[PDB]
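Here's the structure, in structure tokens; my notes come after.
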Amino acid sequence: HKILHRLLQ
Amino acid sequence: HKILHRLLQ
Amino acid sequence: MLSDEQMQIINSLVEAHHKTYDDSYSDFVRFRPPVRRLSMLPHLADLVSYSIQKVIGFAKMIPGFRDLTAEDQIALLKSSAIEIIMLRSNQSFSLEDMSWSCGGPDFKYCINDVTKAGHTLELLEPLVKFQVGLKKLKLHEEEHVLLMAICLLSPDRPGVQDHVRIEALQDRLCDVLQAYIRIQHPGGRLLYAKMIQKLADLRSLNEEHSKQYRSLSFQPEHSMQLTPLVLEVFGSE
Amino acid sequence: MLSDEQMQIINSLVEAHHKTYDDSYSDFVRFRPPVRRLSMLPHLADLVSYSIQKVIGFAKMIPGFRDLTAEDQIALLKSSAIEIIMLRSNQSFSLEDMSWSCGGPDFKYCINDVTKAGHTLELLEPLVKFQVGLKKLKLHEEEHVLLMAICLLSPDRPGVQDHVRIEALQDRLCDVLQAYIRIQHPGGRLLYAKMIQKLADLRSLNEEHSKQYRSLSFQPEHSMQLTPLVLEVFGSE
Ligand SMILES: C=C1[C@H](O)CC(=C/C=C2\CCC[C@@]3(C)[C@H]2CCCC[C@H]3[C@H](C)CCCC(C)(C)O)C[C@H]1O
Ligand SMILES: C=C1[C@H](O)CC(=C/C=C2\CCC[C@@]3(C)[C@H]2CCCC[C@H]3[C@H](C)CCCC(C)(C)O)C[C@H]1O
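For the record, the sequence lines run as chains B, B', A and A'. A prime marks a further copy of an entry chain. Residue 687 is where the first sequence starts when you use the authors' numbering, and the numbers rise one by one after that. Residue 687 is where the second sequence starts when you use the authors' numbering, and the numbers rise one by one after that. According to the authors' numbering, the residues represented by the third sequence are 155 to 190, 251 to 451, in order. According to the authors' numbering, the residues represented by the fourth sequence are 155 to 190, 251 to 451, in order.
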């Protein structure tokens, strides 16, 4: 969920 | 490499 | 009448939705084009993947979300992504043709298109009935935006940790929703109950989709048509 | 003169290449469109991902490949994918404009486009020099197709197990190559040595790309622009 993480800043 | 696998039939 | 905090929450949700939804459907020209075997799968996967990005932008602007732990934010987003998307897509659903009409012939997604994305009628039947049911409710923007944030803040989702804190946040959007409908929506003595009924429908549609998506993701020839974001959000990690 | 087995191998490679390469570049209309921040990254990632599919179709038709273990086939493909693609892309490189011209303004990939896909000049400088160097060689289809299969069957790649068996297969395409050039290519007393020199160049370009790709893949905002196939083939699993 690293993409999600980066999208969640 | 399961995609590759399936592509390699 | 409504309170200051209750209208601040409304102003924020409405603004976030306007920052994350495009009534012109411009960016659709950037997707893999539609084709009408699963021809439509690349374009629709691009559509979903895009929508997930916009849902995350919405979610980040819901009051209280940004202060959850990163795990709880992920937990909520993984479980509720497809529902929020089913929710926002109502803004493009048309009752005249029973399709989503995001522009011209190409981006007019009818029933036969959705089946060419690898999904069966078991999902399509109740999804459309949910859409026209939602369309008939004739929601105001505030209710629509509140429904999305109430759905997203459901603590009855797998992976959530601080379920009392997010139940607290959810329990208060519902307050803003009940207050909005009473003060500001005429002829809505029944509307809130009907909106909360739609949340239950979405749980059912959620399970039917993720069941059919599990089948796509297990076939590499189809999962390779997906995007990383899709595979991350809808995956089992 | 050439032997029966040696021309069977030639007929097979030429046919496989014709089955896996499209001089019309038709399927480019199915990619995410080009945009000219890394604007070009989605379209070029779609281009590479497509090319990987065609390389696998080529590789499956090389005599002897299908009988390697599945691991060795994967090992060879992961390590040599970018080289074979750099090799086949020469068929679209134009010396007049120093670009790949896969059709009209949109699919005419020049230098500024490649930099808008997140790759620096350290890759671009020797890649172009490699292309015009390859273009000047004026290869026959048989040599081109043989070079691709010789490159693919290199046993000096990480992950290979049966390196004596694939060195055997490689050691014999080279025989077909040397024999072809002698019998059938006039004025080619130096050509084979020059082609084998290109294999060394590709090792260098391979390392420069995978170094810059590691940087893209570690930034989720860019890796999400990639395709599953790309991430699988170029990943570290
Ligand atoms: C910006 C907008 C606009 O209102 C348009 C809009 C419409 C949304 C629709 C209608 C078309 C079909 C899908 C995409 C559906 C929303 C979700 C249910 C079914 C969708 C399909 C079958 C997914 C298949 C791909 C995977 C692999 C993820 O299963 C999305 C919204 O965000
Ligand atoms: C069908 C054909 C036609 O001849 C056209 C053809 C051209 C090939 C080119 C020129 C354009 C640039 C790339 C794609 C390059 C081939 C590989 C080197 C650089 C490429 C780029 C920078 C990759 C960036 C994406 C990742 C993330 C993988 O780094 C491919 C071939 O298969």
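For every residue, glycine included, the Cβ atom is placed at its ideal position computed from N, Cα and C.
Nearest in C-alpha terms to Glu435 of chain A, of all of A:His172, A:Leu167 and A:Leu252, is A:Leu252.
A Cβ-Cβ contact shorter than 8 Å links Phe272 of chain A with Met362 of chain A. Proximity of chain B to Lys274 of chain A at the Cβ level (cut-off 8 Å) is accounted for by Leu694 and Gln695, in chain order.
Only buried fits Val374 of chain A', as 16 or more other CB atoms lie within 10 angstroms of its CB. Here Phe448 of chain A is not bridged, per DSSP, to any residue. Relative to ligand 2, even the nearest heavy atom lies 7 Å or more away from the CB of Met312 of chain A'. In the DSSP assignment, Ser313 of chain A falls within the beta strand (DSSP E) that extends over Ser313 to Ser315. At least one beta carbon of chain B' lies nearer than 8 Å to the beta carbon of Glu435 of chain A. By the Cβ rule, the region 338-347 of chain A does not count as touching the region 388-398 of chain A, because fewer than three pairs are nearer than 8 Å.
Shown here for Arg371 of chain A': same chain residues with a beta carbon closer than 6 Å to its own, the five before and five after excluded, namely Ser293 in chain order. As DSSP reads the structure, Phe307 of chain A' sits in a beta bridge with A':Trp314. In this structure, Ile689 of chain B' has its beta carbon at no less than 7 Å from each heavy atom of ligand 2.
Per the Cβ contact rule, the region 423-435 of chain A is not in contact with the region 427-434 of chain A' (fewer than 3 Cβ pairs under 8 Å).
With a cutoff of 8 Å on beta-carbon distance, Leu366 of chain A' and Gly278 of chain A' are scored as not near each other. Counting the other Cβ atoms within 10 Å of the Cβ of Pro319 of chain A' gives fewer than 16, which makes it exposed.
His172 of chain A sits exposed, since fewer than 16 C-beta atoms from the chains shown fall within 10 Å of its C-beta. Taking the C-beta atoms as reference points, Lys274 of chain A' is found no nearer than 8 Å to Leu348 of chain A'. Of the candidates A:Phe448, A:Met312 and A:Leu405, the residue whose Cα lies closest to the Cα of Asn420 of chain A is A:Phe448. Under the three-pair Cβ rule at 8 Å, the region 348-360 of chain A' does not count as touching the region 253-261 of chain A'. Against chain B', the beta carbon of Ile288 of chain A' has neighbours under 9 Å at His687, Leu690, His691 and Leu694, listed in chain order. Around the CB of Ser437 of chain A, 16 or more other CB atoms lie within 10 Å, so the residue is classed as buried.
The shortest C-alpha to C-alpha distance from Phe185 of chain A to any of A:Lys322, A:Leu261 and A:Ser178 is the one to A:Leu261. Inclusion of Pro187 of chain A' and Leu440 of chain A in the CB contact set at 8 Å is not warranted, their separation being larger than that value. Measuring C-alpha to C-alpha distances from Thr174 of chain A' to each of A':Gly317, A':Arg302, A':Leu404 and A':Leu291 identifies A':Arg302 as the nearest. From the listed residues A:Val390, A:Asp415 and A:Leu445, the smallest Cα separation to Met300 of chain A is found for A:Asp415.
Looking only at A:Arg190, A:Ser308, A:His377 and A:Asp327, the smallest Cα-Cα distance to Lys352 of chain A is reached by A:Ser308. In chain order, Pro442 make up the part of chain A whose C-beta sits under 9 Å from the C-beta of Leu445 of chain A'.
Between ligand 1 and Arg190 of chain A, a heavy atom-to-CB distance of less than 7 Å is absent.
Closest option to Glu159 of chain A, judged by alpha-carbon separation, among A:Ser450, A:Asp389 and A:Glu446: A:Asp389.
Rounded to the nearest angstrom, the Cβ distance from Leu282 of chain A to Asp376 of chain A is 7 Å, consistent with a contact under 8 Å. With respect to chain A', the C-beta atom of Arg186 of chain A has a partner C-beta closer than 8 Å. Proximity of the beta carbon of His358 of chain A to ligand 1 is not indicated: no heavy atom of the ligand is located closer than 7 Å.
At least 8 Å separates the CB of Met161 of chain A' from every CB of chain A. In the three-state reduction of the DSSP assignment, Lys274 of chain A falls in the helix class. For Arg302 of chain A', the uninterrupted alpha helix (DSSP H) run begins and ends at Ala284 to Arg302, by DSSP.
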